[PDB]
Amino acid sequence: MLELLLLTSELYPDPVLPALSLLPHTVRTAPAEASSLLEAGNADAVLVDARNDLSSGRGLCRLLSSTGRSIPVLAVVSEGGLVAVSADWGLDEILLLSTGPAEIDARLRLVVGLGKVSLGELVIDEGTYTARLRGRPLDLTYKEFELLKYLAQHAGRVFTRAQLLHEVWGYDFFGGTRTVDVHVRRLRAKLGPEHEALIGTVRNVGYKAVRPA
DNA sequence: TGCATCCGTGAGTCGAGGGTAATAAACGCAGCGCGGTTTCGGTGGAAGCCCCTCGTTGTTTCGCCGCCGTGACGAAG
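Residues numbered from 1 in each chain as written, not as in the entry; some residues may be left out. Chains lettered and ligands numbered in written order. Part of a larger assembly, values for the part shown. Heavy atoms only, no water. Residues with missing side-chain atoms left out of burial classes, pairs and counts.

Looking at the entry header, you'll see cryo-EM listed as the method and 3.66 Å as the resolution.

Draft legend 1. Focus on the UniProt feature "DNA-binding region" (unreviewed entry) in chain A. Per the UniProt annotation, the sites labelled "DNA-binding region" (unreviewed entry) are residues 114-211. With 26% helix and 10% strand, residues 114-211 has end C-alpha atoms that lie 23 Å from one another. (UniProt positions renumbered as here; feature names shortened; annotations may be inferred. Helix = DSSP H or I, 4+ residues; strand = E, 2+ residues; numbered from the N terminus.)

Draft legend 2. Seen up close, the packing of aromatic side chains. Under the definition given, this model contains 3 aromatic pairs. Relative to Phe145, the ring of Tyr129 has its centre 5.5 Å away and its plane inclined at 20 degrees; by these criteria the two rings are stacked. With a gap of 16 residues between them, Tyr129 in the loop between β6 (123-125) and β7 (130-132) and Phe145 in the loop between β7 and α3 (146-153) connect regions that are remote in the sequence. You can call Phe145 buried: its relative accessible area is 1%. (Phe/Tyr/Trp six-rings, centres within 6.5 Å; stacked < 30°, edge-to-face > 60°. Buried < 20%, exposed > 50% of the residue type's maximum accessible area, 1.4 Å probe, protein only.)

Draft legend 3. Structural context of a nonpolar patch on the surface. Together, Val158, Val202 and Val205 give the surface a local cluster of nonpolar side chains, amounting to about 230 Å² of exposed area. Considering the arrangement of structural elements, one finds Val202 in the loop between β8 (199-200) and β9 (208-209). Overall, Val202 belongs to the partly exposed group, its relative accessible area being 48%. (Patch = residues over 30% accessible without salt bridge, like charges linked within 9 Å, V, L, I, M, F, W, Y side chains within 5 Å. Areas by Shrake-Rupley, 256 points an atom, 1.4 Å probe, with all protein chains shown as cover. Salt bridge = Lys/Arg side-chain N within 4 Å of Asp/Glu carboxyl O.)

Draft legend 4. Representation of the pairing of strand β1 (residues 3-7). In terms of residue burial, β1 counts as a mostly covered element, since 4 of its 5 residues are buried. Across 5 bridges, the pairing between β1 and strand β2 (residues 26-30) is parallel. Across the sheet, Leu7 pairs through a bridge with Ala30, a residue of β2. Where β1 and strand β3 (residues 45-49) come together, 4 bridges link them in parallel fashion. Residue pairing for β3: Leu7 is matched across the bridge by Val48. (Pairing = 2+ DSSP bridges.)

Here it is, written out as structure tokens:
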């Protein structure tokens, strides 16, 4: 009753997951391509092969992730390869290549079968990449909107420039930037006289966010 | 005087390269100095006991990282 779409170059679903033939779910196969995500129709779940290669499997799990709406993404890895399997893959469920038929059935029937938190005086709207600080208008540049976003949810957490750099930027990451200094100085300006006490900037500890009061 | 007759010499620079033999013995005593042995000893290595060498604060100050703004070369439509 589920259409499972395999992105695997094995040309058969059998060595990727052996016991799946014991369940009468339909399996539609294609090589591990992003364009075969356009090959998804009424697929209820999707399995990626990452048994020997954790990197492209994790990135494909990432390629699916955050796109929306979304159909939940699954992957199959090895047991010594479960070290890299984490929440950073964008997984909803991970499968091993030795999980049983009723086990895969239960994981599938679990996974295929609200608003933002208010409020730290900085609302986050995901549409135009902008916020709202005690006032409707709040212009945030491409990276001056996520810098506040990064310090928003991790309020109270201490983050160094590089720790911020690789999540706030791509990052590349360049050096000798002061881009944090350029931003936080700018992010402490468009926030008006009030809420200047939203970021904790003590010397050489990085740039932590201080939540009220 | 000869005159034979022994005789005292040397006769290769150098490499290959360790060794082979014999007759009648016992007792006993003395010194003996090497090695069993037999004393305490104070100076040895602990055990317990007191004056002086090494750690707190009180600044100083270059240094440096956050900040602050500038400008442009970039970034996206």
